[PDB]
Protein chains: 2
Amino acid sequence: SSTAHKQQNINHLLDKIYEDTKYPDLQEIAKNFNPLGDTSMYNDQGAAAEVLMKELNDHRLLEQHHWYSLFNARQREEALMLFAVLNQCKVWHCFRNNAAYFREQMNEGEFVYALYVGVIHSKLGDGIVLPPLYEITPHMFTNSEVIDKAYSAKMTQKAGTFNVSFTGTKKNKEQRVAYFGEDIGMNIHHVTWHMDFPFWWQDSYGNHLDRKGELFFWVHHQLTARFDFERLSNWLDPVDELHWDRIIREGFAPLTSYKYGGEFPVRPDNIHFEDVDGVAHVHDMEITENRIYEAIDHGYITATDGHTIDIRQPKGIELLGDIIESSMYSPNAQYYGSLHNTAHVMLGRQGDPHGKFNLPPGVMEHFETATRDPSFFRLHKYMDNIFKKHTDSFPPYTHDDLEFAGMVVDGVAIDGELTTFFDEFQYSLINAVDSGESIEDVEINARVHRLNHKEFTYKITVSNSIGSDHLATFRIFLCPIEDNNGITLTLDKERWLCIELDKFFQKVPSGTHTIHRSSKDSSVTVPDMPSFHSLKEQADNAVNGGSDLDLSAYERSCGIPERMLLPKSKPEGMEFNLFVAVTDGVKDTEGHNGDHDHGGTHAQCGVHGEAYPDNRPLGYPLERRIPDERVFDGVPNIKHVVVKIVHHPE
Amino acid sequence: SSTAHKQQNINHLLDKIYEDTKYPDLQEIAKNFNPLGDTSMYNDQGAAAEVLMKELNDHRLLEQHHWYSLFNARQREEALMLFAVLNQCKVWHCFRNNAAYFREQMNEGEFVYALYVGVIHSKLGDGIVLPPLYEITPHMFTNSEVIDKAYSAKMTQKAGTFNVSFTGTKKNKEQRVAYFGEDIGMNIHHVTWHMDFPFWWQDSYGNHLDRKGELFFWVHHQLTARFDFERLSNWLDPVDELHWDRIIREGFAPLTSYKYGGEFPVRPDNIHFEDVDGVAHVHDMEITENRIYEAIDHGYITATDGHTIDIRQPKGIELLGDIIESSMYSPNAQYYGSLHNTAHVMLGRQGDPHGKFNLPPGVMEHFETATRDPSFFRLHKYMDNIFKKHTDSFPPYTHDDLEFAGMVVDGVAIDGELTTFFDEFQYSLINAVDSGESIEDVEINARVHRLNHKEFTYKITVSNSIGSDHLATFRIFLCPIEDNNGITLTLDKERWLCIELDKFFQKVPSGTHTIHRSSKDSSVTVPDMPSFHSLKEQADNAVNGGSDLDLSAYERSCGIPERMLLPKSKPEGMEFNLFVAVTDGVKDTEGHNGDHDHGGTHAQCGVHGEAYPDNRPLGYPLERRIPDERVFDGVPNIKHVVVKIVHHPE
Ligand SMILES: *[C@@H]1O[C@H](CO)[C@@H](O)[C@H](O)[C@H]1NC(C)=O
Ligand SMILES: *[C@@H]1O[C@H](CO)[C@@H](O)[C@H](O)[C@H]1NC(C)=O
Ligand SMILES: [Cu+2]
Ligand SMILES: [Cu+2]
Ligand SMILES: [Cu+2]
Ligand SMILES: [Cu+2]
Ligand SMILES: [Mg+2]
Ligand SMILES: [Mg+2]
Ligand SMILES: [O]
Ligand SMILES: [O]
Ligand SMILES: [O]
Ligand SMILES: [O]
């Protein structure tokens, strides 16, 4: 019931997840605990526990040792039944005991999902650090070749560390950017964002997820823009957008497998979409798309009873994210459907669209794996352009809109060269292999090459010519100067390609002062996850003894990995525009304070258990059309400078 | 150097083929034997050993733990270099020592292939029974799910027997006939036929393979006709033929994996052929096809210098098989290419035709696996129709052609009901899993359901009204009466669909006599292979002690499995025409004797180390057009009767 004991409990529950628990205390609980024995431990007096126990007793739950997809409606419903129980627990012993009990009864994929979102969305989970999913379920992050070497290492009872190479061949130009969507941390960022902001969320679970639909737009806009920056760095053109009536040019072979369920399916190059039995017809996707664009071009969403909901206003983008994803916040799912989530399944199933071949779900049908597929970025550019029609519909900002009166950016510079490189990172495959009973384990690791960069610090010189210190928001973006054809981009053509590097609030005293901000402190990024082995060691050292470790150290798992803050760029160097906008922090943070702690990842992942701290539209001030660059040049609190990034190859 | 010791040596060499040998004697030989140390052990005084050793010493051979395809030109060349050495050994110690030495140096797939064809084509191999390849390399015969359970059984050190189900789902109508092409014995029949009659054979290896090109036509004609009989039994239409300019309707997901190389690739439904980089353009296949048909319709094959080779003669079909397969017997590979073998690769590679995805060869690129793919039978019907244009070009047989004067078939009947069913068969997966060092093995088996039938005996009453006993050939075929639409077939429309059930030579004494022939004695079929475990036990029992076991018991591994002699048919029963032709055995066997032993599989697999014993065209007397059924009805030595086959489901 302390953080050390809770962390250890979670560590134990997630250990060797494909086998019955090996911890005597958890075995005893799974044997003897009755989820219905004392309903006073629940806030709903047992309602959720009754629902799940009835499903269990009627033999209606998915078996153990079976693939699980969050996009599968019934499997999701089953996972959410366990989430609902955990979420109702008043105290930790309820949470732990129900987790231990249902770990041994329910499908492992459902259980892991429910336990993670249960920890994230319950106050009882505060202070717990979830192990990286690439060590809890390594199959979802590790190609089949390396798993086989792990299987071989286990079959032969010999330790080893095995190198993971990217999918494809050098003949496949898309392999040039495999280090983006295949990065294990980028995959954790993506799954964790959706765990923090789930489309199935209903506020009856206990609280509201502030601005979720707009953050849904923004986080995926940033994934798309970041991927395109890697393409530009590797002599590739931007991704095309998907369209339902045109071929998906770039196929994909994941070369990965489920632990149970077989190899992930492949998609050949240059295929037309086919209807997917049990999911949707291609034509249904076109109609859904049309209906969303009808709302955007009408300027209003149509409610279930036909009345209009105005979207010509700052929350319009959020309501659009609600209906596009779609989430349970959608005002009218009967009419607007679920374009984005259904599209994930439509794409994921194109290797077996009629269920003739007994193929498991595609990589697009899991947030753990979706960015590994090149078609992820074609789909999300397509979706991004829907949002962009709405954001482009507003009048361009004026001088008066943008000016922070009395605040001028005199200069922008960086301390330290902008240098990227690849280094090596290891994670454990032990959870992927079968052990027991009464046979000892051996160390089995994967080694991956990952993008990284050297530390740097921004130097932003501002002059506050008001006679008072003022809170300011510093908004930092990296923008392309030229496209892959060497063509110089206008600001209007740059703005939608810019990637967010940082956003922070800082008091600017009167006078001229230099603000320093380290790359490591970015509110866009989070560090590499601590290893499962490290979390066990720290939790065990605390429990066996008694030591209050400041676990309030790790960031969150949602956020672009720190190592991927910068695009790869080129060995010969590339020049980019570093764009800084300094805006009125008093107005931006009204209702959430400026001195308050906002965590390490508020730019795209918000603040755990709090409202979103920045009132401005996501992407401000680049999210509206800029047809006249003179407007931005005339605003003293906006400035961009040219910076150079060099890739250091091996 | 005796059969017991040779069998044990082979057993040891093939044991746990993915790991260094565990037998101390073979380890010593691999360490100390010099293939170039005493050239007097070779018939070529070491020429072949020098070629292979140079390749080995120059690091030019395929690494161990890598996929192998006989259709890969360079990998085949490497395997054949080892075959060439084994084939030159004068005595067994040369054969054994070179096998042991190169087992530890060469790729395991190349080694197994070379060792099998070396045993088959060397007189030193006489009396050896090769273990079934499904136990030597189980990955090539076992779906990935079951291998994973084997991997799990090994990782956990627990014995088990695991059920293999057919690929696909019940929504896939092609799964109705998966028991044909996925039968492990049918796969061994196919690989062994090609090992007995390899397209790479050159007579400089020591002997000629009699009528090989015509047997190539015939064995594949019979595979195609037998598959279509299973389709008819399961309410399916006949397979369509492939065409290079039309879609391949039926895709395929093997759900199988290589031990090294990854999962076998899938082919989606309804794809057009694409050019395959490094293999051929689709257009090249069309041109090759056209050139073959030009020879057929000209009535002659064009030699390299332009002179004509007449094919309007009994050996024409053989020369066509030579140029179509193509084999090294082809008179003009520069012009006629290799339609059939290239088509195997063209089909096999359609999941990755441009090498972008790092996918290993398809199931069509191994004789072990090719019949698992539905497209196998569409390709081979296409090829079969090329041969049929030639065979249809000859004048129909006349009464005088067909009559065996003084020999009448008075009656045809069967002792015993014709009943099919499915039963269970087990084979070991131990060679598929990793062991060692110094850790004990455990029993790991696959259980498959396989077609089978009850024993029956033909009763053929003949009257020999010549005043002398006469040798006769009994030719027995099963022919459809109606197609899948309930339409009654004419004899001309039946004949190409008939399947060979038996062919035997027997002296018919003067008078009226009943000939009895058991289904078990069919010259078309061979029994199930003895298990690797059984072969080890019998060889070990002989070596450790001294006992001359009549190993001259097992048939061969080439031949339709006995269990698959009859089509499945239907639970409600199906009627077929049983066609018996009794022909002049003196003329049919001229040059090969009648009383001589022809083995158990001469109909399609010939006689090991001897000429083909039947002079008639393969398929006689059904291989020419029969436009006038009156001709066959007027021949007393031909008779057909209606028989019923019933399937007994579980
Ligand atoms: C794996 O990578 C490490 C460093 O990244 C290297 O030392 C080692 O040689 C590699 N192993 C293999 C088998 O290539
Ligand atoms: C496997 O098949 C056997 C007989 O074919 C049967 O007894 C057994 O129940 C099957 N096992 C499973 C797990 O279905
Ligand atoms: Cu997402
Ligand atoms: Cu998405
Ligand atoms: Cu063949
Ligand atoms: Cu073939
Ligand atoms: Mg299922
Ligand atoms: Mg290779
Ligand atoms: O997403
Ligand atoms: O996504
Ligand atoms: O073949
Ligand atoms: O074949």
# chains A, B, ... in the order shown; residues from 1 in each chain; ligands from 1

call {"tool": "residues_near_ligand", "arguments": {"ligand": "ligand 12", "cutoff": "10 Å", "atoms": "only C-alpha atoms and all ligand atoms", "output": "list in words"}}
result
residues 190, 191, 193, 194, 216, 219, 220, 223, 325, 340, 341, 343, 344, 364, 365, 366, 367, 368, 369, 370, 371, 376, 377, 379 and 380 of chain B

call {"tool": "interface_residues", "arguments": {"of": "chain A", "to": "chain B", "cutoff": "10 Å", "atoms": "only C-alpha atoms", "output": "PyMOL selection string"}}
result
chain A and resi 143-145+148+151-158+167-175+251-257+259-269+271+350-359+433-439

call {"tool": "residues_around", "arguments": {"residues": "residue 415 (chain B)", "least_positions_apart": "5", "cutoff": "12 Å", "atoms": "only C-alpha atoms", "output": "MDAnalysis selection string"}}
result
chainID B and resid 454:460 515:519 643

call {"tool": "atom_distance", "arguments": {"atom1": "CA of residue 213 (chain A)", "atom2": "CA of residue 186 (chain A)"}}
result
20.9 Å

call {"tool": "select_by_dssp", "arguments": {"residues": "region 376-457 of chain A", "states": "strand (DSSP E or B)", "output": "short mmCIF file (atom, residue, chain, number, x, y, z; two decimals) with N, CA and C atoms, in the first residue's frame"}}
result
data_model
loop_
_atom_site.label_atom_id
_atom_site.label_comp_id
_atom_site.auth_asym_id
_atom_site.auth_seq_id
_atom_site.Cartn_x
_atom_site.Cartn_y
_atom_site.Cartn_z
N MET A 407 7.02 42.65 -25.43
CA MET A 407 7.89 41.48 -25.39
C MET A 407 8.48 41.29 -26.78
N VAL A 408 9.80 41.43 -26.90
CA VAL A 408 10.49 41.24 -28.17
C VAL A 408 11.54 40.15 -27.99
N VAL A 409 11.64 39.28 -28.99
CA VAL A 409 12.72 38.31 -29.07
C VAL A 409 13.86 38.99 -29.83
N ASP A 410 14.94 39.31 -29.12
CA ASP A 410 16.08 39.97 -29.74
C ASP A 410 16.96 38.99 -30.50
N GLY A 411 17.09 37.76 -30.02
CA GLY A 411 17.95 36.80 -30.66
C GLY A 411 17.58 35.39 -30.27
N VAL A 412 17.92 34.45 -31.15
CA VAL A 412 17.78 33.03 -30.87
C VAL A 412 19.06 32.34 -31.31
N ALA A 413 19.65 31.56 -30.41
CA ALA A 413 20.86 30.81 -30.72
C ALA A 413 20.84 29.52 -29.92
N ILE A 414 21.74 28.62 -30.27
CA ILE A 414 21.85 27.36 -29.55
C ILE A 414 23.28 27.20 -29.05
N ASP A 415 23.41 26.78 -27.79
CA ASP A 415 24.69 26.35 -27.23
C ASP A 415 24.89 24.88 -27.55
N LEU A 418 24.24 20.83 -33.34
CA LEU A 418 23.11 19.92 -33.53
C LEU A 418 23.63 18.72 -34.30
N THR A 419 23.79 17.60 -33.59
CA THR A 419 24.45 16.42 -34.11
C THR A 419 23.60 15.21 -33.77
N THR A 420 23.27 14.41 -34.78
CA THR A 420 22.59 13.15 -34.57
C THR A 420 23.53 11.99 -34.88
N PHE A 421 23.18 10.83 -34.35
CA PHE A 421 23.96 9.61 -34.55
C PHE A 421 23.07 8.44 -34.17
N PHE A 422 23.56 7.23 -34.45
CA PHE A 422 22.90 6.02 -33.99
C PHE A 422 23.74 5.40 -32.88
N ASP A 423 23.08 4.98 -31.80
CA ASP A 423 23.78 4.21 -30.79
C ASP A 423 23.00 2.93 -30.50
N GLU A 424 23.43 2.17 -29.51
CA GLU A 424 22.89 0.85 -29.25
C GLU A 424 22.14 0.84 -27.92
N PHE A 425 21.03 0.10 -27.89
CA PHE A 425 20.14 0.02 -26.75
C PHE A 425 19.72 -1.43 -26.59
N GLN A 426 19.68 -1.91 -25.35
CA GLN A 426 19.34 -3.30 -25.07
C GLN A 426 18.07 -3.41 -24.23
N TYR A 427 17.30 -4.46 -24.49
CA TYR A 427 16.16 -4.78 -23.65
C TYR A 427 16.01 -6.29 -23.57
N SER A 428 15.33 -6.75 -22.52
CA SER A 428 15.28 -8.17 -22.20
C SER A 428 14.16 -8.87 -22.96
N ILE A 444 18.63 -13.09 -21.70
CA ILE A 444 18.40 -13.10 -23.14
C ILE A 444 17.97 -11.69 -23.54
N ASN A 445 18.81 -11.00 -24.33
CA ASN A 445 18.58 -9.60 -24.66
C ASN A 445 18.55 -9.37 -26.16
N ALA A 446 17.80 -8.34 -26.55
CA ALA A 446 17.84 -7.78 -27.89
C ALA A 446 18.65 -6.49 -27.86
N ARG A 447 19.44 -6.26 -28.91
CA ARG A 447 20.17 -5.01 -29.07
C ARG A 447 19.69 -4.35 -30.35
N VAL A 448 19.22 -3.11 -30.23
CA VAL A 448 18.73 -2.34 -31.38
C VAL A 448 19.60 -1.10 -31.56
N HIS A 449 19.74 -0.67 -32.81
CA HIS A 449 20.32 0.63 -33.10
C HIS A 449 19.21 1.67 -33.12
N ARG A 450 19.45 2.79 -32.44
CA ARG A 450 18.43 3.82 -32.29
C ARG A 450 19.04 5.19 -32.58
N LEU A 451 18.24 6.07 -33.16
CA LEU A 451 18.66 7.44 -33.35
C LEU A 451 18.92 8.10 -31.99
N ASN A 452 19.87 9.03 -31.97
CA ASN A 452 20.12 9.83 -30.79
C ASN A 452 20.72 11.15 -31.24
N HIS A 453 20.88 12.07 -30.28
CA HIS A 453 21.47 13.37 -30.58
C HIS A 453 22.27 13.84 -29.38
N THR A 457 21.49 23.50 -25.68
CA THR A 457 20.69 24.42 -24.88
C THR A 457 20.32 25.63 -25.73
#

call {"tool": "residues_around", "arguments": {"residues": "residue 399 (chain A)", "least_positions_apart": "6", "cutoff": "9 Å", "atoms": "only C-alpha atoms", "output": "PyMOL selection string"}}
result
chain A and resi 631-632+634-635

call {"tool": "residues_around", "arguments": {"residues": "residue 272 (chain B)", "least_positions_apart": "3", "cutoff": "8 Å", "atoms": "only C-alpha atoms", "output": "PyMOL selection string"}}
result
chain B and resi 245-248

call {"tool": "residues_around", "arguments": {"residues": "residue 480 (chain A)", "least_positions_apart": "5", "cutoff": "7 Å", "atoms": "only C-alpha atoms", "output": "MDAnalysis selection string"}}
result
chainID A and resid 494 498 576:577

call {"tool": "write_last_selection", "arguments": {"atoms": "N, CA and C atoms", "output": "PDB file, in the first residue's frame"}}
result
ATOM      1  N   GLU A 494       5.609  26.084 -45.112  1.00  0.00           N
ATOM      2  CA  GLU A 494       6.409  25.464 -44.061  1.00  0.00           C
ATOM      3  C   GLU A 494       5.566  25.087 -42.860  1.00  0.00           C
ATOM      4  N   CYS A 498       6.118  21.936 -39.792  1.00  0.00           N
ATOM      5  CA  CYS A 498       6.963  22.201 -38.638  1.00  0.00           C
ATOM      6  C   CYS A 498       6.697  21.183 -37.539  1.00  0.00           C
ATOM      7  N   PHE A 576      17.780  24.196 -41.293  1.00  0.00           N
ATOM      8  CA  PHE A 576      16.369  24.292 -40.937  1.00  0.00           C
ATOM      9  C   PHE A 576      16.095  25.652 -40.314  1.00  0.00           C
ATOM     10  N   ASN A 577      14.821  26.038 -40.299  1.00  0.00           N
ATOM     11  CA  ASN A 577      14.386  27.235 -39.587  1.00  0.00           C
ATOM     12  C   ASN A 577      13.956  26.841 -38.180  1.00  0.00           C
TER      13      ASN A 577
END

call {"tool": "residues_around", "arguments": {"residues": "residue 222 (chain A)", "least_positions_apart": "6", "cutoff": "10 Å", "atoms": "only C-alpha atoms", "output": "number ranges by chain"}}
result
A: 228, 384, 496-500, 560, 604, 619

call {"tool": "atom_distance", "arguments": {"atom1": "CA of residue 620 (chain A)", "atom2": "CA of residue 389 (chain A)"}}
result
16.2 Å

call {"tool": "atom_distance", "arguments": {"atom1": "CA of residue 347 (chain A)", "atom2": "CA of residue 67 (chain A)"}}
result
18.0 Å

call {"tool": "select_by_dssp", "arguments": {"residues": "region 127-338 of chain A", "states": "helix (DSSP H, G or I)", "output": "MDAnalysis selection string"}}
result
chainID A and resid 133:136 138:141 144:155 173:181 184:196 203:205 212:233 282:298 316:325 333:336

call {"tool": "closest_residue", "arguments": {"among": "A:146, A:89, A:466, A:79", "to": "ligand 1", "atoms": "only C-alpha atoms and all ligand atoms"}}
result
A:146
